[PDB]
């Protein structure tokens, strides 16, 4: 089973400020919706609680507590290793969709990254990890919008 990572980050590395994403770039959301359509997503419990089970996707959520979802479209796992083994029975592909913590824990597992860089330098306390040079860009496209953004796809080795 292949692991992809999909994230949006500001030019200063910020991805979150408290429970919010500190920007609104018109259009960027389309990339995320289009590439995750009917895909399995892996997300942290805090991020899942912020966005909820939006339609046409399937969710694997990790928690260290007894937290549960209430939605037959979500599977809660006690660990990332357990989520990976569980998903592997059900799918060939999972897309890691965030939490700052989830990103840092799963970047080493990812063979493909989908990275939107937003032309803004906001304040926030949550940051995307440095992209290791075990990955390289194979595709890139710029978008002009109310806030501009650049979309890149990175592949491993």
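Residue numbers count along the first chain shown, from 1.
- Averaged over their C-alpha atoms, the temperature factors of 123-131 and 28-36 are higher for 123-131.
- Higher mean CA temperature factor, per the PDB entry, when comparing 49-57 with 98-106: 49-57.
- In the deposited entry, the Cα temperature factor of residue 142 sits in the middle third of values across the chain's modelled residues.
- In this PDB entry, residue 68 carries a Cα temperature factor that places it within the highest third of its chain's modelled residues.
- Among all modelled residues in this chain, the alpha-carbon of residue 62 has a temperature factor (C-alpha) in the middle third.
- For residue 1, the recorded CA B-factor ranks within the highest third of the chain. Only modelled residues enter the ranking.
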